[PDB]
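> Sharing an experimental structure here, sequence included.
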Amino acid sequence: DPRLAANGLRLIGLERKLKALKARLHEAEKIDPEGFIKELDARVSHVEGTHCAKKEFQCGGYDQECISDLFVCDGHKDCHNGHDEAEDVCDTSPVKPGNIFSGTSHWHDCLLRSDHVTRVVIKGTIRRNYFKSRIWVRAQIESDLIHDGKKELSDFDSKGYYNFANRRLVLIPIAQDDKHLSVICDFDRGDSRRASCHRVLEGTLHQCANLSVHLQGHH
Amino acid sequence: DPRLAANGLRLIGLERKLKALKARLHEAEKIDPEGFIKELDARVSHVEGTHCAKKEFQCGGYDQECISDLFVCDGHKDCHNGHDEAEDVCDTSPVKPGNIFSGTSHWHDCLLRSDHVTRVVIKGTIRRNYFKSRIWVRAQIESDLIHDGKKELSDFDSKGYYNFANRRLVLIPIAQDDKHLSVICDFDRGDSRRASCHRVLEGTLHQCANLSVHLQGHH
Amino acid sequence: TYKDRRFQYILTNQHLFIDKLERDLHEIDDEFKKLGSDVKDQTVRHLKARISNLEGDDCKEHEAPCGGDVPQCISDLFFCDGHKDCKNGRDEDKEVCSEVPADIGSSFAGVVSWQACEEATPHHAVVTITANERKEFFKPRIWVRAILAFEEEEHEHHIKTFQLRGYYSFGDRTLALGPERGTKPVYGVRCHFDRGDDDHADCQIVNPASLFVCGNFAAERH
Amino acid sequence: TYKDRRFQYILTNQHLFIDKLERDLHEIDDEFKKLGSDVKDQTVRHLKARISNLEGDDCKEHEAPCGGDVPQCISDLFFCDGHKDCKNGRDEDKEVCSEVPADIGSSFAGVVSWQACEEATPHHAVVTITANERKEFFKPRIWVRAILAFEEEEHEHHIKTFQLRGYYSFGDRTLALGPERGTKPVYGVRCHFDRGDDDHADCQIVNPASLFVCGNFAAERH
Amino acid sequence: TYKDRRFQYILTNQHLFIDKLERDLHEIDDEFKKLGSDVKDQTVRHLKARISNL
Amino acid sequence: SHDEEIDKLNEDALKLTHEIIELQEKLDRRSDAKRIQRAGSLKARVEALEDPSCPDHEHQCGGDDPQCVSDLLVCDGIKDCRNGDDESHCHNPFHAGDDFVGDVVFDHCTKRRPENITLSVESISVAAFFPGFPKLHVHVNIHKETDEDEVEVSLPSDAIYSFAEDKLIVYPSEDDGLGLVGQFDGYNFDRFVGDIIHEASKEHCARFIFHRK
Amino acid sequence: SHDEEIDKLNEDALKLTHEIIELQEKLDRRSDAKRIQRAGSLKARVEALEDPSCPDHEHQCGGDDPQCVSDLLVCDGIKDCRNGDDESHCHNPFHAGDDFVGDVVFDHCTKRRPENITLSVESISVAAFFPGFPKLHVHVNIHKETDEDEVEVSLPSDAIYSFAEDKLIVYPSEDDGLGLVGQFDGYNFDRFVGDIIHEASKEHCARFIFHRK
Ligand SMILES: *[C@@H]1O[C@H](CO)[C@@H](O)[C@H](O)[C@H]1NC(C)=O
Ligand SMILES: *[C@@H]1O[C@H](CO)[C@@H](O)[C@H](O)[C@H]1NC(C)=O
Ligand SMILES: [Ca+2]
Ligand SMILES: [Ca+2]
Ligand SMILES: [Ca+2]
Ligand SMILES: [Ca+2]
Ligand SMILES: [Ca+2]
Ligand SMILES: [Ca+2]
Ligand SMILES: [Zn+2]
Ligand SMILES: [Zn+2]
Ligand SMILES: [Zn+2]
Ligand SMILES: [Zn+2]
């Protein structure tokens, strides 16, 4: 064995290296350039606003064409550039059943709670083939309250819709007169994983709490 | 010395490799992609012809504008795209004095010589600043003739011009009534290194020999 | 022999080890490729441009920013005139002074939302530079002849065409167009190339007199 | 200690050896960089295109080549209509069926050498697509509305504009334009996109009736 | 051969080590040169003379 | 034979080494500290354009679950953010000996109206019991050469750094209300904007862009 | 210490290995045999478009110093070109056992009018005293399935390869004047154009594009 042994050592080295790189993958996944830019595009676009009316959908990013939000993701090309039927626009995964969005609820009205976890749990979706403009969502709203020294879950069943055009999930409490506030989430972070939410009164849309959920998801 | 020695062996390996690559450079220089494509462009463009008159210079490659060849490389932008003053067009190196173009002369008229070496030796150039359209070239034409069992040099002094527009070097024999034929070279191979030449009669431009010179150059 | 087969045995399973390593490497690389990708440089350029526009500048009328690390404002009339007026020379930068937005044959098109003048629904507008002239003694402007045309239905067959003349201003990054000599003051155009390149512009179809906005289109170079 | 300084002595001049190797590598790489470069893919595409054009095809009138490894000719009327008529399907290739040369806002410009009709000296011509329509039941043609305009001097100020209508044919790779409905049969345009991309075309400004060539320009997309 | 390249490998990076040492020496010497200089013998002679006279 | 095969082995091994280091370089490019920084700076500009997410005197912990925390509680060694953000900012951009050179943007209040200002950090005193607001002793160095004279100045001044606001506050040393405030990008730390403000009117009358020298 | 430093050494060495192999890969890409071939094919198309550089029965030695040499003197083992070009072509594209499959371009004379033709090389006989024109025994295999019948055929035929013309000439085996001629690109050798020609009228009545199978 001349320097064949040396080459063997080199090979052990390469094995070690490969192991290390594979380890680096976990840390590499924590960086999403494309997603970062999509987020910034979202936030900047929010600061810009639009020239469209309420209940209207602006076609491109720079584009000047407006469309009724009743025509967004309905299966028909309504924009001169077809943006209203684009895949990013029409992505149905913000309300894919099984999704569990969790976040901290910060109250500043209505209720006198300290900061606490809230989960929006997507339980089901209906999308009529004759009206694809909206997805009808059913979900469970859970809240971990450390009310009286000990912990207690406060949950309720709710129903509403996800509207593609403004990327908004509205959930009002199913037959829950019992002073459970509605929730309104905007998937305005460039993805289908995070949303800026509020606990609101259904009738007036008055915001009683600030809530920011991320998907995390798995109990 | 643990595996430090092994790493040392690796380093000797890398040294060896580097030496080998440096050796490959010579062979790598024998490949000129850009020059190859420039040659093909030249040859194809010759097969295509142009829509310009004689004594005219077509501007771009696809471009439709024609210009008098008295305006080519004269210091004034005459083409809508300035091609008549471009660097490739106005390159003066085909007739840079010191250049020695060598090639094989193949006779088929006038003289009864067998195939033989000819050299065009650029001896001087004059380029008037008041008329840059042309370069006035003075050169020596040498021919190695194996006439009567032994070798003998047949050389003569000559004068003419290089015209940029048609990339043509014309050399007629300086006061050489002594049946020395003129030479006309076209640098039509995409470079300033090779030329397609002819030995011709000055008065009639009748082609007595085919000659293809390349630069090689250094005696 | 036997020793030969031992040596060959060592060689054989070093190549085997190398092959395994190669396979593992391919697994890891494949795992890395499923982490999305990097971003289109145009998307980043445009995003940065939108941010820059939202940030604005402290320039006065008839001034434009030089750009760069230390903000400085200089005159419209000082951009691309061969003398460096910016502390960082940006007013003579080769990119800033790109004369491409005013090149002959340049055409910028997009769909128009009207607010007056025209009662038609959203259609394309195209403005095409047909001629230009940049005087050598006054270089901060490129004088252009252009044509505004509208996309109209297959049934119309009586298209409307407006001949314009105006200029491109480097510092403003502005193409300003008005009616050609003796041609009925109907329309003018204001295009602002503020997306960070010579290929997109925010245009308004205006009244030549009042600069009143008749309609807007997001222009794109085709 | 001493043994420590021996070990450190070995380490020190292995790094030195690595540094030397690095320097030598940089020398060799620098020597390699001075061997010219590779070629622009556009120059190669256009060269290949010019060769292809010089080679021609054995197609009949109203036929166009499918392209590809085994030559086959098919009808004008069979390109990009959703059914594969070529043995290799090329008549439905996504590149062949690029509808970009007929896109709204597309403008092709270049300098014209005239041979009749116009007694002006070489100036630019620009043809701009202002509208289009591709009927879903007859897809092998894109019907277009365009405008031919000429570059004219700063002194003219009475520019000439010709409104055209016609089609783009995929197999022919041809933009064919004639006078718009009721607009004085003065000019027509024939552009052939034969440079291998959607961005350059050989155009002729012709008489709409005789197809007599009035002038030629090498068109380029701006 | 291989042994020849090992011997040459040792030679090569002893010269490299010598070169490094030389560079370091030049650094130190350069650092020493920036400590002013010695004094003109005339300035000292005259100073001593002035003291003597006083 | 026993050399050709070995050489082929060494060759395949080199090529493997190359492919492996290539993967590593992709990994490195993705996580390149400079790139991450630039990203942070961009994000920061956007944040500047948005409405503040926190009350006037609080600090946004950031993250996918935002939270506001008193400015006085940032970098005091006790975690107040649920994500501990208040306790990881804590690297002071200024070290004893650092120089920053600022070039003028606009200026209509300073005495000398200088082209550039050098800010030299001389010392830093961090109270162990109050580490969130380090105190610096710095010198403001100006050198202005007019026609009538040449003036050089080195004004000793006291400063505070706020980790909460990523901000240097340099209290005036002369007899004008003129203080220097350096706002850091949040991610750069080799460049800040130095605004000169009247301690009283709060009027902003000069601005210099400072870079680490 | 004695491990951290060694590891840093191994690392720098790996990175060097990478940079070196990178240079090598540039070198390899430049001289990639396939690329050179494609270049040759392109150049060949151009040459086809140009006027012939040589008399009807001669061979262009090529190079920067062109020369014409009789077709009968190419690949006879004696250098006639000044650059020896006639004696370096000499690699026969056909080997005993090779199959080429040709797809129809046009065809209006063959008996079966087939979709594809397989040409199988069975044997090669090279006269030592005349190596420039190898003789091949090949079989032309056709399989045509119409409505009325299914026909299969394997026609044994004699052929000659001309190195001078880069050309395979397959003499007809049946009772029609129909011969097959395969023209090689000059640089490809995995693809030729197979024209079917009447041995008499010289009329070109069919063409197939053959690829090495
Ligand atoms: C300050 O500016 C002057 C020119 O106005 C320059 O000469 C000097 O070097 C600058 N000083 C620094 C440290 O930037
Ligand atoms: C020959 O052609 C027929 C179709 O015409 C096909 O089924 C068969 O597989 C082909 N053979 C080859 C090698 O192309
Ligand atoms: Ca729709
Ligand atoms: Ca000229
Ligand atoms: Ca200027
Ligand atoms: Ca079809
Ligand atoms: Ca704290
Ligand atoms: Ca021979
Ligand atoms: Zn923070
Ligand atoms: Zn001090
Ligand atoms: Zn040959
Ligand atoms: Zn047989």
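Cool, the structure landed. Numbering: from 1, shown residues only, chains lettered A, B, ... in the order given. Ligands and ions are numbered 1, 2, ... in the order given.
> how about the residues of chain A that lie near ligand 5?
For chain A, no residue is in contact with ligand 5 (CB under 5 Å from the ion). In this view, the C-beta of every residue, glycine as well, is placed from N, C-alpha and C.
> Please parse the chain into its domains.
No chain was given, so I picked chain A. The record's domain split for chain A, according to curated CATH domains, is A:1-49, A:50-219.
> please go with chain F instead
Listed domain ranges for chain F are F:1-51, F:52-213 (source: curated CATH domains).
> Which strands border the one helix or strand residue C:149 maps to, and is each parallel or antiparallel?
Following DSSP states H and E, one finds residue C:149 within strand C:141-150. The strands beside strand C:141-150 in its sheet (DSSP bridges) come out as strand C:123-133 (antiparallel), strand C:161-169 (antiparallel).
> so how far is that strand from its chain's centroid?
With CA atoms, centre = their mean, to the nearest Å as the basis, strand C:141-150 stands 17 Å off its chain's centre.
> And the residue nearest to residue A:13 when sequence neighbours are not counted, how far from chain F?
Closest residue to residue A:13 apart from its sequence neighbours, by CB to CB, 6 or more residues apart in numbering or on different chains: residue G:10 at 6.0 Å. According to CB to the nearest CB, to the nearest Å, residue G:10 stands 11 Å off from chain F.
> does residue G:10 sit in a helix, a strand or a coil?
Following DSSP: H, G, I helix; E, B strand; the rest coil, we place residue G:10 in the helix state.
> Surely it is in contact with residue A:14?
No: using CB atoms under 8 Å as the test, residue G:10 is too far from residue A:14 to be in contact (10.3 Å).
> so who does the residue most central in space within chain F touch?
Per CA atoms, centre = their mean, the C-alpha nearest to the average position across chain F is that of residue F:189, at 2.5 Å. Taking CB atoms under 8 Å, 6 or more residues apart in numbering or on different chains as the criterion, residue F:189 is in contact with F:91, F:93, F:212.
> Repeat that for residue C:119.
By CB under 8 Å, 6+ apart, no residues touch residue C:119.
> So it, which state does it fall into?
Relying on three-state DSSP, one would call residue C:119 coil.
> got the residues of chain C near chain A?
Within chain C, the residues that sit near chain A (CB under 8 Å from any CB of the partner chain) are C:10-11, C:14, C:17-18, C:21, C:24-25, C:28, C:31-32, C:35-39, C:43-44, C:46-47, C:50-51, C:54, C:110-113, C:122, C:124, C:195, C:200, C:202, C:216-218.
> Now with 6 Å, please.
Selection of chain C residues close to chain A by CB under 6 Å from any CB of the partner chain yields C:10, C:17, C:21, C:24-25, C:28, C:31, C:35-39, C:47, C:50-51, C:54, C:111, C:113, C:122, C:216-218.
> Just the buried subset of the residues you listed, please.
For these, a burial check counting by 16 or more other CB atoms under 10 Å in any protein chain shown picks out C:17, C:21, C:24-25, C:28, C:35, C:39, C:47, C:50-51, C:111, C:113, C:122, C:216-218.
> now the strands for chain A?
Applying DSSP state E to chain A gives strands spanning A:56-58, A:66-68, A:100-107, A:116-126, A:134-148, A:150-163, A:168-173, A:182-186, A:194-200, A:207-214.
> For residue C:125, which residues count as its bridge partners?
Going by DSSP bridges, residue C:125 forms beta bridges with residue C:110, residue C:150.
> one step back: for residue G:121, find the nearest of the domains of chain F.
For residue G:121, the closest of those is domain F:1-51, at 33.0 Å, according to CB to CB.
> Run the chain-centre distance for stretch F:203-213.
Distance of stretch F:203-213 from the chain centroid (CA atoms, centre = their mean) equals 13 Å.
> So is that stretch next to ligand 1?
No: Stretch F:203-213 does not reach ligand 1 (CB under 6 Å from any ligand atom); its nearest approach is 7.1 Å.
> report the longest strand in chain F, please.
Assignment by DSSP E gives strand F:130-145 as the longest strand of chain F.
> what does that one contact?
Contact partners of strand F:130-145, identified using CB atoms under 6 Å, 6 or more residues apart in numbering or on different chains, comprise F:74-76, F:92, F:94, F:112, F:114, F:117-126, F:151-157, F:159-161, F:163.
> That strand and ligand 7, are they touching?
No: judged by CB under 5 Å from the ion, strand F:130-145 makes no contact with ligand 7; its nearest approach is 7.6 Å.
> what's the next helix or strand after that strand packed up against?
Remark: after strand F:130-145, the chain's next helix or strand is strand F:150-162, criterion DSSP H and E. Contact here means 3 or more CB pairs under 6 Å, 6 or more residues apart in numbering or on different chains; DSSP states H and E; on that basis strand F:150-162 packs against strand F:130-145, strand F:167-170.
> and those strands, which is most packed in?
Mean neighbours per residue, mean count of other CB atoms under 10 Å in any protein chain shown, is largest over the helices and strands packed on strand F:150-162 for strand F:167-170, with a mean of 20.
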